[PDB]
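Asker: Okay, so here is input_4.csv, and as you'll see once you scroll down, it has CSV, C-alpha atoms (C1' of nucleotides).
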```
chain,number,residue,atom,x,y,z
J,171,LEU,CA,69.4,-2.0,36.3
J,172,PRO,CA,71.1,-5.3,37.2
J,173,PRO,CA,70.8,-6.3,40.8
J,174,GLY,CA,72.9,-4.4,43.4
J,175,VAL,CA,74.6,-1.9,41.0
J,176,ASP,CA,73.9,1.7,41.7
J,177,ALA,CA,72.9,4.7,39.5
J,178,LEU,CA,75.6,7.0,38.1
J,179,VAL,CA,72.9,9.6,37.7
J,180,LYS,CA,70.6,11.2,40.3
J,181,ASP,CA,66.8,11.3,40.5
J,182,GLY,CA,65.2,14.4,38.9
J,183,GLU,CA,68.4,15.2,36.9
J,184,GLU,CA,68.2,16.1,33.2
J,185,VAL,CA,70.3,14.0,30.9
J,186,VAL,CA,71.5,13.8,27.2
J,187,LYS,CA,71.1,11.2,24.5
J,188,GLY,CA,74.0,8.8,24.6
J,189,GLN,CA,75.0,9.8,28.1
J,190,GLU,CA,75.4,6.6,30.1
J,191,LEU,CA,72.9,6.3,32.9
J,192,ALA,CA,74.6,3.5,34.8
J,193,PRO,CA,77.6,1.1,34.3
J,194,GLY,CA,75.4,-0.9,31.8
J,195,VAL,CA,72.8,1.6,30.6
J,196,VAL,CA,73.1,4.4,28.0
J,197,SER,CA,70.0,6.6,27.5
J,198,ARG,CA,68.7,6.7,23.9
J,199,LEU,CA,67.1,10.1,24.4
J,200,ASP,CA,67.4,13.4,26.3
J,201,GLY,CA,65.3,14.6,29.3
J,202,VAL,CA,64.4,14.0,32.9
J,203,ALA,CA,65.6,10.7,34.3
J,204,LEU,CA,63.4,9.2,37.0
J,205,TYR,CA,63.8,6.5,39.6
J,206,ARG,CA,61.5,3.4,39.7
J,207,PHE,CA,61.4,1.7,43.1
J,208,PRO,CA,64.6,2.5,44.9
J,209,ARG,CA,65.8,-0.6,46.8
J,210,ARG,CA,68.1,1.1,49.3
J,211,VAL,CA,67.1,4.3,51.2
J,212,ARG,CA,70.1,6.0,53.0
J,213,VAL,CA,69.2,8.7,55.5
J,214,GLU,CA,72.0,11.2,56.4
J,215,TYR,CA,71.0,12.0,60.0
J,216,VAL,CA,72.4,15.3,61.3
J,217,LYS,CA,74.1,15.7,64.7
J,218,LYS,CA,75.0,19.0,66.5
J,219,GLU,CA,77.1,18.2,69.5
J,220,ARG,CA,80.0,19.6,71.7
J,221,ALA,CA,83.4,17.9,72.0
J,222,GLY,CA,86.8,18.8,73.4
J,223,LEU,CA,90.5,18.3,72.6
J,224,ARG,CA,93.8,19.4,74.1
J,225,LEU,CA,96.8,20.3,72.0
J,226,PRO,CA,100.3,21.9,72.6
J,227,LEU,CA,100.2,25.7,72.0
J,228,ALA,CA,103.1,25.5,69.5
J,229,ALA,CA,101.4,23.0,67.2
J,230,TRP,CA,98.0,24.8,67.2
J,231,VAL,CA,96.7,26.6,64.2
J,232,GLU,CA,94.4,29.2,65.8
J,233,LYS,CA,91.1,29.9,64.0
J,234,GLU,CA,87.5,30.7,65.0
J,235,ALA,CA,86.1,27.7,63.1
J,236,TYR,CA,87.3,24.8,60.9
J,237,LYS,CA,86.0,23.7,57.5
J,238,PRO,CA,86.3,20.1,56.6
J,239,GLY,CA,89.7,18.8,55.5
J,240,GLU,CA,91.3,22.0,57.0
J,241,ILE,CA,94.4,21.6,59.1
J,242,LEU,CA,93.9,21.9,62.8
J,243,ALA,CA,97.5,21.7,64.0
J,244,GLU,CA,101.0,20.5,63.0
J,245,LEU,CA,103.0,18.5,65.5
J,246,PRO,CA,106.8,18.3,65.5
J,247,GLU,CA,106.9,15.1,67.6
J,248,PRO,CA,104.3,12.4,68.5
J,249,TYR,CA,101.9,13.8,71.1
J,250,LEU,CA,99.8,11.8,73.6
J,251,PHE,CA,96.3,13.2,74.1
J,252,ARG,CA,95.5,12.1,77.7
J,253,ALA,CA,92.2,11.6,79.4
J,254,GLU,CA,90.9,14.3,81.8
J,255,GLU,CA,88.2,12.2,83.3
J,256,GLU,CA,87.7,8.6,84.6
J,257,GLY,CA,85.1,6.5,82.9
J,258,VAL,CA,84.2,3.8,80.4
J,259,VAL,CA,85.0,4.5,76.8
J,260,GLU,CA,82.3,4.9,74.2
J,261,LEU,CA,84.3,4.8,70.9
J,262,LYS,CA,82.3,6.0,67.9
J,263,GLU,CA,84.5,6.0,64.7
J,264,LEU,CA,83.2,8.1,61.8
J,265,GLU,CA,84.3,7.6,58.2
J,266,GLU,CA,87.6,9.2,59.2
J,267,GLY,CA,88.2,10.5,62.7
J,268,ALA,CA,86.4,9.4,65.8
J,269,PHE,CA,84.5,10.5,68.9
J,270,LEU,CA,85.5,9.3,72.4
J,271,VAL,CA,82.8,9.5,75.2
J,272,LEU,CA,83.5,8.7,78.8
J,273,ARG,CA,80.7,7.8,81.3
J,274,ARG,CA,81.1,7.0,85.0
J,275,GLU,CA,77.9,5.4,86.2
J,276,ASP,CA,76.0,5.6,83.0
J,277,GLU,CA,75.9,9.4,82.3
J,278,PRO,CA,78.6,10.8,80.0
J,279,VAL,CA,81.3,12.8,81.8
J,280,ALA,CA,83.7,13.6,78.8
J,281,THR,CA,83.1,13.8,75.1
J,282,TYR,CA,86.4,14.1,73.2
J,283,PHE,CA,87.1,14.5,69.4
J,284,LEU,CA,90.0,12.9,67.6
J,285,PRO,CA,90.4,14.5,64.2
J,286,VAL,CA,92.4,12.8,61.4
J,287,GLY,CA,96.0,12.2,62.5
J,288,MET,CA,95.1,10.8,66.0
J,289,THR,CA,95.2,7.0,66.3
J,290,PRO,CA,92.9,6.1,69.2
J,291,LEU,CA,94.7,3.7,71.7
J,292,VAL,CA,91.4,2.5,73.3
J,293,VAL,CA,88.7,0.0,72.6
J,294,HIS,CA,84.9,0.5,73.0
J,295,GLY,CA,84.0,-0.2,76.6
J,296,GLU,CA,87.5,0.2,78.1
J,297,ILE,CA,88.1,1.7,81.5
J,298,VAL,CA,90.4,4.7,81.6
J,299,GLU,CA,91.8,6.6,84.6
J,300,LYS,CA,92.6,10.3,84.6
J,301,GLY,CA,95.7,11.2,82.6
J,302,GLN,CA,96.1,8.1,80.5
J,303,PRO,CA,96.7,8.3,76.7
J,304,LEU,CA,93.5,8.2,74.7
J,305,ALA,CA,95.2,8.7,71.3
J,306,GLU,CA,98.5,9.5,69.7
J,307,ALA,CA,98.7,12.4,67.3
J,308,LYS,CA,101.5,12.0,64.8
J,309,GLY,CA,102.6,14.9,62.6
J,310,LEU,CA,100.0,17.1,61.0
J,311,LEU,CA,96.3,16.7,61.9
J,312,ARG,CA,93.2,17.9,60.1
J,313,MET,CA,89.4,17.8,60.2
J,314,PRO,CA,87.6,14.9,58.5
J,315,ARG,CA,85.7,15.4,55.3
J,316,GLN,CA,82.4,14.4,56.9
J,317,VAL,CA,82.4,16.7,59.9
J,318,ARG,CA,82.8,20.5,60.3
J,319,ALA,CA,83.6,22.8,63.2
J,320,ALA,CA,80.9,25.5,63.5
J,321,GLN,CA,82.4,27.4,66.5
J,322,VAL,CA,85.7,27.1,68.5
J,323,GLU,CA,86.3,28.1,72.1
J,324,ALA,CA,89.9,27.9,73.4
J,325,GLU,CA,91.4,27.9,76.9
J,326,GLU,CA,95.1,28.5,77.7
J,327,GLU,CA,96.5,26.5,80.5
J,328,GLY,CA,100.2,25.9,80.8
J,329,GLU,CA,101.9,25.0,77.6
J,330,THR,CA,98.7,23.6,76.0
J,331,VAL,CA,95.3,24.8,74.8
J,332,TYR,CA,92.0,23.0,75.2
J,333,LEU,CA,89.4,23.4,72.4
J,334,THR,CA,85.7,23.1,73.1
J,335,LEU,CA,84.4,22.5,69.5
J,336,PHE,CA,80.8,23.0,68.5
J,337,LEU,CA,80.7,20.2,65.9
J,338,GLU,CA,78.1,19.4,63.3
J,339,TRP,CA,78.1,16.3,61.1
J,340,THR,CA,76.0,13.6,59.5
J,341,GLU,CA,75.9,9.8,59.9
J,342,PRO,CA,74.3,7.4,57.4
J,343,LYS,CA,71.9,4.6,58.1
J,344,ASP,CA,70.7,2.3,55.3
J,345,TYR,CA,67.3,0.8,54.9
J,346,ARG,CA,66.4,-2.0,52.5
J,347,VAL,CA,63.1,-1.6,50.6
J,348,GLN,CA,61.1,-4.6,49.5
J,349,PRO,CA,58.9,-4.8,46.3
J,350,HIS,CA,55.8,-4.5,48.5
J,351,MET,CA,57.1,-1.2,50.0
J,352,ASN,CA,56.9,2.2,48.4
J,353,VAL,CA,59.0,5.3,49.1
J,354,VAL,CA,56.7,8.2,50.2
J,355,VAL,CA,59.6,10.7,50.5
J,356,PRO,CA,61.3,12.6,47.6
J,357,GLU,CA,65.0,12.8,47.0
J,358,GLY,CA,66.8,15.2,49.3
J,359,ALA,CA,63.9,16.1,51.6
J,360,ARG,CA,64.1,16.8,55.3
J,361,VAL,CA,62.4,14.5,57.9
J,362,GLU,CA,61.9,14.9,61.6
J,363,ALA,CA,61.4,12.4,64.5
J,364,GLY,CA,58.3,10.3,63.6
J,365,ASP,CA,58.1,11.1,59.9
J,366,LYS,CA,57.4,8.2,57.5
J,367,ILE,CA,60.0,7.4,54.8
J,368,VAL,CA,58.8,4.1,53.3
J,369,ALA,CA,55.3,2.6,53.8
J,370,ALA,CA,54.5,-1.1,53.6
J,371,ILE,CA,51.7,-3.6,53.9
J,372,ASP,CA,51.7,-3.8,57.7
J,373,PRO,CA,52.9,-1.1,60.2
J,374,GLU,CA,55.7,-3.1,61.7
J,375,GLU,CA,57.6,-3.1,58.4
J,376,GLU,CA,57.3,0.7,57.8
J,377,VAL,CA,60.4,2.9,57.8
J,378,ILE,CA,60.0,5.8,60.3
J,379,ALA,CA,62.7,8.5,60.7
J,380,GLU,CA,64.2,8.2,64.1
J,381,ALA,CA,65.8,11.7,64.1
J,382,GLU,CA,66.1,14.5,61.5
J,383,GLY,CA,68.1,13.9,58.4
J,384,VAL,CA,68.4,14.2,54.6
J,385,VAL,CA,67.0,11.4,52.4
J,386,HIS,CA,69.0,9.8,49.6
J,387,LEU,CA,67.7,7.2,47.1
J,388,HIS,CA,70.0,4.5,45.8
J,389,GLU,CA,69.7,1.2,43.8
J,390,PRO,CA,66.5,1.8,41.8
J,391,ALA,CA,64.8,-1.2,40.2
J,392,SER,CA,64.9,0.7,36.9
J,393,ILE,CA,65.4,4.3,35.6
J,394,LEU,CA,62.7,6.0,33.5
J,395,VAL,CA,64.0,8.6,31.1
J,396,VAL,CA,61.3,11.0,29.9
A,92,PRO,CA,55.3,-4.7,28.1
A,93,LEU,CA,54.7,-7.2,30.8
A,94,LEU,CA,54.9,-5.8,34.4
A,95,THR,CA,57.5,-6.6,37.0
A,96,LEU,CA,56.2,-7.5,40.5
A,97,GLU,CA,57.1,-4.0,41.7
A,98,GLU,CA,55.2,-2.3,38.8
A,99,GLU,CA,52.2,-4.6,39.3
A,100,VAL,CA,52.1,-3.9,43.1
A,101,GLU,CA,52.5,-0.1,42.4
A,102,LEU,CA,49.7,0.0,39.9
A,103,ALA,CA,47.3,-2.0,42.0
A,104,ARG,CA,48.1,0.2,45.0
A,105,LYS,CA,47.5,3.4,43.1
A,106,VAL,CA,44.1,1.9,42.0
A,107,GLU,CA,43.1,1.1,45.5
A,108,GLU,CA,44.1,4.5,46.9
A,109,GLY,CA,42.3,6.3,44.0
A,110,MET,CA,39.1,4.5,44.8
A,111,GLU,CA,39.6,5.5,48.5
A,112,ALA,CA,40.2,9.1,47.3
A,113,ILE,CA,37.0,9.1,45.3
A,114,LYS,CA,35.2,7.9,48.5
A,115,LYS,CA,36.8,10.8,50.4
A,116,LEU,CA,35.8,13.3,47.7
A,117,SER,CA,32.2,12.1,47.9
A,118,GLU,CA,32.5,12.6,51.7
A,119,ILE,CA,33.7,16.2,51.2
A,120,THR,CA,31.7,17.5,48.2
A,121,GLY,CA,28.5,15.6,49.1
A,122,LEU,CA,28.4,14.8,45.4
A,123,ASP,CA,27.6,11.3,44.0
A,124,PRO,CA,30.6,8.9,44.1
A,125,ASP,CA,29.8,7.5,40.6
A,126,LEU,CA,29.5,11.0,39.0
A,127,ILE,CA,32.9,11.9,40.6
A,128,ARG,CA,34.4,8.7,39.2
A,129,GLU,CA,33.0,9.5,35.8
A,130,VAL,CA,34.4,13.0,35.8
A,131,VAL,CA,37.9,11.8,36.9
A,132,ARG,CA,37.7,9.1,34.2
A,133,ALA,CA,36.5,11.6,31.5
A,134,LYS,CA,39.5,13.9,32.2
A,135,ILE,CA,42.0,11.1,32.3
A,136,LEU,CA,40.9,9.6,29.0
A,137,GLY,CA,40.3,13.0,27.3
A,138,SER,CA,37.4,14.5,25.4
A,139,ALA,CA,37.8,11.7,22.8
A,140,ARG,CA,35.4,9.6,24.9
A,141,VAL,CA,32.5,11.3,26.8
A,142,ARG,CA,29.1,9.7,26.9
A,143,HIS,CA,26.0,9.4,29.0
A,144,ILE,CA,26.4,6.6,31.7
A,145,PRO,CA,23.2,4.6,32.4
A,146,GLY,CA,23.4,4.8,36.2
A,147,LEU,CA,24.1,8.5,36.4
A,148,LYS,CA,21.1,10.8,37.0
A,149,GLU,CA,22.7,13.5,34.8
A,150,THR,CA,23.7,13.5,31.1
A,151,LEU,CA,27.5,13.5,31.0
A,152,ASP,CA,28.5,16.2,28.5
A,153,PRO,CA,31.7,18.4,28.6
A,154,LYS,CA,29.7,21.2,30.1
A,155,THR,CA,28.8,19.4,33.3
A,156,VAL,CA,32.2,17.7,33.5
A,157,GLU,CA,33.8,21.2,33.4
A,158,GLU,CA,31.4,22.4,36.1
A,159,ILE,CA,32.3,19.5,38.4
A,160,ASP,CA,36.0,19.7,37.6
A,161,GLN,CA,35.8,23.4,38.6
A,162,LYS,CA,33.9,22.6,41.9
A,163,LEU,CA,36.8,20.1,42.5
A,164,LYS,CA,39.6,22.5,41.6
A,165,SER,CA,38.2,25.1,44.1
A,166,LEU,CA,39.1,22.9,47.1
A,167,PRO,CA,41.7,23.5,49.8
A,168,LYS,CA,45.1,22.0,49.3
A,169,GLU,CA,44.5,19.0,51.7
A,170,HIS,CA,41.1,18.4,50.1
A,171,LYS,CA,42.2,19.0,46.4
A,172,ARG,CA,45.0,16.4,47.1
A,173,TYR,CA,42.4,13.6,46.7
A,174,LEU,CA,41.7,14.8,43.2
A,175,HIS,CA,45.3,14.1,42.1
A,176,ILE,CA,45.1,10.8,44.0
A,177,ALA,CA,42.0,9.7,42.0
A,178,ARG,CA,43.5,10.9,38.7
A,179,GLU,CA,46.6,8.9,39.2
A,180,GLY,CA,44.5,5.9,40.3
A,181,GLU,CA,42.5,6.0,37.1
A,182,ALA,CA,45.7,6.2,35.0
A,183,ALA,CA,47.1,3.1,36.9
A,184,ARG,CA,43.8,1.3,36.2
A,185,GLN,CA,44.2,1.8,32.5
A,186,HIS,CA,47.8,0.7,32.4
A,187,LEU,CA,47.1,-2.4,34.6
A,188,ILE,CA,44.4,-3.6,32.2
A,189,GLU,CA,46.6,-2.9,29.2
A,190,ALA,CA,49.6,-4.7,30.8
A,191,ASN,CA,47.6,-7.8,31.5
A,192,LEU,CA,45.7,-8.1,28.2
A,193,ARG,CA,47.9,-11.0,27.1
A,194,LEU,CA,46.7,-13.4,29.9
A,195,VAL,CA,43.1,-13.1,28.5
A,196,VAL,CA,44.3,-14.3,25.1
A,197,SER,CA,46.3,-17.2,26.6
A,198,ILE,CA,43.2,-18.3,28.5
A,199,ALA,CA,40.6,-17.7,25.8
A,200,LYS,CA,42.5,-19.8,23.2
A,201,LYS,CA,41.3,-22.9,25.1
A,202,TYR,CA,37.6,-22.0,24.7
E,1,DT,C1',53.8,7.3,-22.2
E,2,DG,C1',54.2,2.2,-22.3
E,3,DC,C1',54.0,-2.3,-20.2
E,4,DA,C1',53.6,-6.6,-16.3
E,5,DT,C1',50.8,-7.7,-12.5
E,6,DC,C1',47.0,-8.5,-9.3
E,7,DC,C1',42.1,-8.7,-7.9
E,8,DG,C1',37.4,-9.4,-8.7
E,9,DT,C1',33.9,-11.8,-11.3
E,10,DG,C1',31.4,-14.7,-14.2
E,11,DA,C1',31.2,-19.3,-16.5
E,12,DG,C1',23.1,-23.1,-20.2
E,13,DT,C1',17.9,-24.7,-19.5
E,14,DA,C1',14.2,-27.7,-17.3
E,15,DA,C1',14.1,-32.4,-13.8
E,16,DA,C1',15.3,-34.6,-8.8
E,17,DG,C1',17.8,-33.9,-4.9
C,1,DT,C1',35.6,-14.2,44.3
C,2,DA,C1',42.7,-15.0,45.8
C,3,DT,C1',49.3,-20.7,44.4
C,4,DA,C1',50.6,-18.9,39.4
C,5,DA,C1',49.2,-18.7,35.3
C,6,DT,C1',50.7,-13.1,30.2
C,7,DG,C1',51.2,-13.3,21.6
C,8,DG,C1',46.9,-18.5,17.3
C,9,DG,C1',46.2,-22.0,14.1
C,10,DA,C1',45.0,-23.3,9.5
C,11,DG,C1',46.0,-23.4,5.6
C,12,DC,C1',45.0,-26.8,0.8
C,13,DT,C1',46.1,-25.2,-4.7
C,14,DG,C1',44.8,-29.1,-12.4
C,15,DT,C1',40.5,-23.1,-15.3
C,16,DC,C1',40.2,-19.0,-17.5
C,17,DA,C1',39.5,-15.0,-19.8
C,18,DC,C1',38.5,-10.5,-19.4
C,19,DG,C1',38.3,-6.1,-17.7
C,20,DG,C1',39.9,-2.7,-15.1
C,21,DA,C1',42.9,-0.7,-11.3
C,22,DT,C1',47.7,-0.6,-9.4
C,23,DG,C1',53.1,-0.8,-10.1
C,24,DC,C1',57.2,-0.4,-11.9
C,25,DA,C1',60.7,0.6,-14.6
```
Any chance you could put this one into C-alpha cells?
Answerer:
Amino acid sequence: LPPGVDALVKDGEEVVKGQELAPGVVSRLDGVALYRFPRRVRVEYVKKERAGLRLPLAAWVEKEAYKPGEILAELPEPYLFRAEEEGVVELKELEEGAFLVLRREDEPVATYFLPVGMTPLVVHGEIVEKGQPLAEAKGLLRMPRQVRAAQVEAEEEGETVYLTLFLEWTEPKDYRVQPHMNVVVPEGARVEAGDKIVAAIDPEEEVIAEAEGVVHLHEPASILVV
Amino acid sequence: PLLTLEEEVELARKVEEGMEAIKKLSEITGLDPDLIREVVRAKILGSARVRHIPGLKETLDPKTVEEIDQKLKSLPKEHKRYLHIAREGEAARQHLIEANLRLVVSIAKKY
DNA sequence: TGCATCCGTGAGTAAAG
DNA sequence: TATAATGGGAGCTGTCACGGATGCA
C-alpha cells in the first residue's frame, strides 16, 4: 500500500479475484485478505452518561428512546435553550451534535445535550449565568448518527418538557504505530482499562487502553491475500 | 523477496520470543531444551527431514517426536500457548535465513 | 517412416622431456 | 560479536568422421 492511503477491505474478510483491495491494488486471487503491520490504530471508546435538554411541549416527539438519526422534535420558530445552572462551560463537540457541561468550583453541576439542529452559542470555558441561551434550535432537530438514546425520562413543567436522556456513544482516538511496534490486539476486540494494544521496544512507547473500547486497524503497510 | 524493515523486525522478534518460549517449555515440562527445540523444528519442517542430532541423548525418530509432541499437546491452555509461540518462531527463523541469503552471495563473491 | 541435428569420442611406435 | 551492507564472471573458437540418440516436420 502506498503511504497514507487506507484499505478499502477489512482484516479477516474474504475476497474475490479481480476485486480491488485498495485504490491502487487489485487482488490476483481469491481468499482471506490479511493486514501486515497496521500503521494507525483507532480505538472507539464507549461512554454511557446522563444528559438533559428542555424543549417546548408542542415541538416534542414523545418516545421512550431514540435511535440515531431519529427526529427528536420539530420547532415552528427558533427556540433558545437556556441554562438552568451557573458555571463554566465545558464544550465537547462530537462529529455532529455536542455536549455542554457546567461546573462551578471544579465539579460538574449541569450536563446538557445539544442534538443536531441546535447551534451552541457558547465557547469552551465561558461563564454562564442562570437562564442565558446556551444554544438556538432552528426547525427540526434529530439525534446524531454517532450517539443513541437508550432510555428517556421526561418532566412536564409549564409549557415545556425536560428530558433526562441516558445516552450511549463512542469517541475515536488514533494511535500511530512505528515499524518497531507490533499490534497485539485483533480487529474488533474489546479492551478494558489497562489492557495493552500495541507493544514496543521500551515500555514508555507502548499503547495501553485508557478506558474500554473497540479496536480498529487502518493503514496497513501491506495486505496479504491468502 | 527482500524484507522490509517491518518484516525484518517482525521475523527477528518472533525468533527471539520462540527461543524464550522453548526456555519456558523446558521450565514447565522438565524436559531438555535442545530436545524440545528439535521436536518443534521437526514438526515445522515436516517428516521430510528427521535425523539423530549429535548432542541429543536420544535417537530422534518419528516415534519419539510423536511422544514428545503428545506430552506437549496435553498441556493447559496458558502452558500449551508456548508451543504455538515456539512453532511460529521456528517458521520465522527459516524465512529470515531464506530472505537474507542474497547478502551471503554479495559478500562471498569477494573471497 | 524418413530425414537434419547434436553430443560424445577417438585420432602411430619407441626416445627425451 | 552490532552504521549498513541483499543475484557472477568468463568465455575463446582453422579438424573430422563416425556412430548413435534426439527432433522435427
Asker: What's around residue 5 (chain E) at 12 Å? Count only C-alpha atoms (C1' of nucleotides), leave out sequence neighbours fewer than 3 positions away in its own chain, and write the answer as an MDAnalysis selection string.
Answerer: chainID C and resid 21:24
Asker: Contacts from chain C to chain A, 9 Å maximum, all atoms listed in the file: show me the residue list as a list in words.
Answerer: residues 5, 6, 7 and 8 of chain C
Asker: Once you count all atoms listed in the file, which residues end up no further than 10 Å from (96.5, 9.9, 70.9) in the file's frame, shown as a list in words?
Answerer: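 Protein, DNA and RNA residues close to (96.5, 9.9, 70.9): residues 248, 249, 250, 251, 252, 253, 284, 287, 288, 289, 290, 291, 292, 302, 303, 304, 305, 306, 307 and 308 of chain J.
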Asker: Could you check which of C:9, C:25, C:2, C:18 is closest to residue 2 (chain E), using only C-alpha atoms (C1' of nucleotides)?
Answerer: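 Answer, going by the shortest atom-to-atom distance: C:25.
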Asker: Would you place a box with edges along x, y and z of the file around all atoms of region 161-168 of chain A listed there, add 5 Å to each of its six sides, and report the centre and edge lengths in Å to one decimal, as JSON?
Answerer:
```
{"center_x": 39.5, "center_y": 22.6, "center_z": 44.2, "size_x": 21.2, "size_y": 15.0, "size_z": 21.2}
```
Asker: What's around residue 158 (chain A) at 12 Å? Count only C-alpha atoms (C1' of nucleotides), leave out sequence neighbours fewer than 6 positions away in its own chain, and write the answer as a list in words.
Answerer: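 Neighbouring residues, sequence-local ones excluded: residues 126, 127, 130, 151, 152, 164 and 165 of chain A.
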Asker: Considering only C-alpha atoms, tabulate each residue of chain J that lies at most 12 Å from chain A along with its nearest interatomic pair and the corresponding distance in Å to one decimal; arrange the rows by chain and ascending residue number and present them as a tab-separated table.
Answerer:
```
residue	atom	partner	partner_atom	distance
J:206	CA	A:98	CA	8.5
J:207	CA	A:97	CA	7.3
J:208	CA	A:97	CA	10.4
J:209	CA	A:97	CA	10.6
J:347	CA	A:97	CA	11.0
J:348	CA	A:97	CA	8.8
J:349	CA	A:97	CA	5.0
J:350	CA	A:100	CA	6.6
J:351	CA	A:97	CA	8.8
J:352	CA	A:101	CA	7.8
J:353	CA	A:101	CA	10.8
J:369	CA	A:104	CA	11.6
J:370	CA	A:104	CA	10.8
J:371	CA	A:104	CA	10.3
J:390	CA	A:97	CA	11.0
J:391	CA	A:97	CA	8.3
J:392	CA	A:97	CA	10.3
```
Asker: Figure out the distance between CA of residue 266 (chain J) and CA of residue 315 (chain J), please, to one decimal in Å.
Answerer: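 We find that CA of residue 315 (chain J) and CA of residue 266 (chain J) lie 7.6 Å from each other.
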Asker: Fewer than 6 positions away in the same chain doesn't count, so skip those; otherwise give me all residues within 12 Å of residue 19 (chain C), counting all atoms listed in the file, as a VMD selection string.
Answerer: chain E and resid 7 to 10
Asker: Fewer than 6 positions away in the same chain doesn't count, so skip those; otherwise give me all residues within 10 Å of residue 232 (chain J), counting only C-alpha atoms (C1' of nucleotides), as a PDB file with C-alpha atoms, in the frame of the given file.
Answerer:
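Done, and the output landed in out_0.pdb:
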```
ATOM      1  CA  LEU J 242      93.900  21.900  62.800  1.00  0.00           C
ATOM      2  CA  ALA J 243      97.500  21.700  64.000  1.00  0.00           C
ATOM      3  CA  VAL J 322      85.700  27.100  68.500  1.00  0.00           C
ATOM      4  CA  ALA J 324      89.900  27.900  73.400  1.00  0.00           C
TER       5      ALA J 324
END
```
Asker: Could you list, as a list in words, every residue within 7 Å of residue 330 (chain J), counting all atoms listed in the file and ignoring same-chain residues fewer than 4 positions away?
Answerer: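 In the requested form, the answer reads residues 224, 225, 226, 227 and 326 of chain J.
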Asker: Would you work out the distance separating CA of residue 187 (chain J) from CA of residue 356 (chain J), expressed in Å to one decimal?
Answerer: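 Going from CA of residue 187 (chain J) over to CA of residue 356 (chain J) covers 25.1 Å.
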Asker: Take CA of residue 160 (chain A) and CA of residue 184 (chain A) and report the distance between them in Å, one decimal.
Answerer: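 Taking CA of residue 160 (chain A) and CA of residue 184 (chain A), their separation equals 20.0 Å.
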